[PDB]
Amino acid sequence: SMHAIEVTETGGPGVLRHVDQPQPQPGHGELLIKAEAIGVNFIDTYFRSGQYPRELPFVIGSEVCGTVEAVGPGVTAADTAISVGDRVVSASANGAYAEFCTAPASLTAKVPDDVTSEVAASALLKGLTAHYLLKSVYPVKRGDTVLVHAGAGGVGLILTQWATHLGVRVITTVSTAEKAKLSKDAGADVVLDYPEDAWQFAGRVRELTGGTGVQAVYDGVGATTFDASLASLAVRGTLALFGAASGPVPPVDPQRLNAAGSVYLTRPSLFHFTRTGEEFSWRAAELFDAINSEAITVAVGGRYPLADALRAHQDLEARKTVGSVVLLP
């Protein structure tokens, strides 16, 4: 048997039970991965809470780095260059909080030999997200200025470094002075406190951009920042609302987008930017290229035993984590 974190009923971090499960078997198109490091993602909390509904019970999580223990039967091995023994990482696994899990080969990348498994499980899901946000949702160009909320979070630090490397000025928000320094170290040109009032905060942003506003806002915080994000945009700018850490954004009168400057609102999901193995491989390769040139550096921001998934979810929801955190099996 193996250890796993199973959810039998949805609810708070408390429902994350460390239990014995049979080792899974890979199906068609799947690899069986023996975990070395397991990624923690804010979306895990939405599945745990039952926000994002899923069939019960389930072993939680989708991000894992480890070694290929087995390749699914049938045609599978003919359709991938991944082989048993390879160190691999996926953001699309089933039941990642376990010693062993499965993932589609087409949405799994080989880890470069100079990248540790902890860094890979810190980098992939959030790094693919930063990639699509910066290259596809709003393609940043040198000279732009963007706003990135939660600048010292997992996605936040990657967005900040990568945008800075691309010649983009980045303004961030964080909750503590410790996080402010990490954000500056990541390349943020200015770090602000969280908005108290949308117009007040937008004025700060306008001050910094000469009244223009930012070309794009990357908002992964949602409820507490949305109004401020919308108010901070340059004419025809893009609000990429990609997360809801503080809670869901209430229904938006489309005429607000007019008043704000004929802006665009989009709410993307990673699913729509990893639609083929070809697309996934392209983004994963650009991510590992950026890491290996030190265009970005993905630090391991926190580590927990797999059995302490509960503790990680508590710290994450309490705004106590910095950067990417991993579970260790």
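All residue numbers refer to positions in the sequence shown, first residue = 1.
The stretch 68 to 76 shows the higher mean C-alpha B-factor when 97 to 105 is compared against 68 to 76 in the entry. Comparing 132 to 140 with 188 to 196, the stretch with the higher mean C-alpha B-factor in the PDB entry is 188 to 196. The entry assigns its greatest Cα B factor, within the set 49, 266, 274, 269, to 49. Among the modelled residues of its chain, residue 236 has a C-alpha B-factor that falls in the lowest third, as given in the PDB entry.
Ranked by Cα temperature factor within the chain, residue 30 sits in the middle third according to the deposited record.
When all modelled residues of the chain are sorted by CA temperature factor, residue 9 is found within the highest third. When the modelled residues of the chain are ordered by C-alpha B-factor, residue 215 sits in the middle third. In the deposited entry, the Cα temperature factor of residue 308 sits in the bottom third of values across the chain's modelled residues.
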